[PDB]
């Protein structure tokens, strides 16, 4: 069951009352196609350090009397035997007909990370928080917890700027404290599973940004997750001038933002390689967007792509723009659900779709207004399915379920109103993903690292280092716990994820051997580097770019098992 493909979708609790979000509610979820639903969002309470609802009314109070609850054709009523209403009642009611769809509570997000920073400060607060997550999933009938901390990184000025007053003083410890948080959550959730006779999950949606990842020194937390979802989107957008893809799959040497870097990093496949240092592919999900970002008055490029713009797209090209002063004026971002872009194309024959065969995503270009918007369509879904099969990925995580498309019951020919176009939300791309995940079958089990099958040696190999972008300076400490000197000329090897490039060994000699998602690095010492019994020797060198961890460490062709 753990090797089954996963199709996980985010449910936005705010959508049901919002025109731009299509008034999407729980009965509009793609229940026949999703395997898991992530409810967005819970957060951490500032005073109690417990999990808390963000919109309590939506989650547990709303009766939907002013909204339409129906699935397929059948009216859906709230279950009156439950002690809560809201989206959570509808979720439980639907799950009775879809008992194998797993429900996860997502905690955090871009605007819900703030109180994580203080909660992680002490072990007793982490314990209180983890206990409260167990209480919450029991109370509201959830199957697990998804942690969306943006971001547990030492990178200065990462995460939401509104939280710098909390994150900046904590940068040096955030990664260590996050690792304790995830481990403690796993411990408490596994105990609850045993007590309740139910298999609860713990997952995380994690950064794909090399800038953020340069400040992440320990990815051990990943081993405690049922799956790790890479947020392989938001690679590009109106925060800078580079008119480039939101969510490319493959590395693109023409991405102008990274054209001088060691390799192109702003694509799913780079993050896949990064995370292979700590996880097998079958525990990694691809992030897929059902939203866009974009620019207007684009200069240069070809059909906008690889051009430049200091003006993110606005107006009818930005219906999901943020309203930060709550005045109706939206911040330009070129942000739309997919169905709205389809409706714009129905109205404008000069808003045209193009395909990038390198990145394997589509984009939309208006050649008169010079508007470029990212896009996602059947062709990119098919390319993503091919990637999932080729890489043995666990599946996909979708932000966000009201952005898929289908035909609109409220269509009015000739109307420009947001919810009167040919299309509204639907299940077209999600069903296509589900069908493809069914067709390819279950994941394979990735074999264990080969080192554990080798003969053991009582040598400890400890890999550490420091990252100063783009350079990782490593230090390997080798301790001889045998009773005989180890002569110089010994070798150590390790597998380095292909998110990074080995550059130099500072002493001795080295070789680099292709090994799948890794390069095997073999460091051969000089004859003078003898290791006395109970002694430690250190070697250093440099690697370009970052990686989640190293694997498959060997020493003199044996498995170094320490003391």
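Positions refer to the first chain, counted from 1.
For the pair 271-279 and 240-248, the record assigns the higher mean C-alpha temperature factor to 240-248. The PDB entry reports B-factors from which the mean C-alpha value can be compared for 62-70 and 33-41; the larger average falls on 62-70. Ranking 499, 538, 49, 505 by Cα temperature factor from the entry places 538 first.
Considering 421, 214, 144, 109 together, the PDB entry gives 421 the largest C-alpha B factor. The entry lists a Cα temperature factor for residue 452 that places it in the highest third of the chain's modelled residues.
When all modelled residues of the chain are sorted by CA temperature factor, residue 75 is found within the highest third. In the PDB entry, residue 18 places in the highest third of its chain by CA B-factor.
Sort the chain's modelled residues by C-alpha temperature factor and residue 299 lands in the highest third, per the entry.
When the CA B factors of the chain's modelled residues are split into thirds, the value for residue 116 lands in the lowest one.
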